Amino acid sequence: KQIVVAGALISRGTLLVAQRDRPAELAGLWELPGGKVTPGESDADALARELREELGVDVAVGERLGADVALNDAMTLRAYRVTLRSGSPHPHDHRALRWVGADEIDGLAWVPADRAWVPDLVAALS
């Protein structure tokens, strides 16, 4: 399968979530930001690159967070915890960014695939 990596950026005990702007099916819904691994890249290479491109921040990539998600027959979606080395995140690509605490994770308007990670995200914040 092709891998899509996503980052759980936790700063000051809150989590960064990112509101998609495209495609139409997911626009307005919220996700862990990331994107597709390209040939030759490690998971950490790809995820750091994507979060530089998408958020303008330099992160260190940490442990896995929650289960792999089988997006479709081609693609596997994997989250990693990341931590902010430097920068403040800005939405280059996304409609909006938000910092959420444990009390907001369950109720958030997630993109379907990411919902699997809700307990794992609540735990990471607590």
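So that there is no doubt, residue numbering starts at 1 and follows the sequence shown.
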Tell me which of 29-37 and 85-93 has the higher mean C-alpha B-factor in the deposited entry. 85-93
Taking the deposited Cα B-factors and averaging over 73-81 and over 42-50, the higher mean is found in 73-81
Entry record, C-alpha B-factors for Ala116, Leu108, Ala24, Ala18; the maximum is at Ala116
Ordered by C-alpha B-factor within the chain, which third holds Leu9? Give me lowest, middle or highest, please. lowest
Could you place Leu55 in the lowest, middle or highest third of its chain by Cα temperature factor, using the values in the record? middle
Record-listed C-alpha B factor of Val61: chain third: lowest
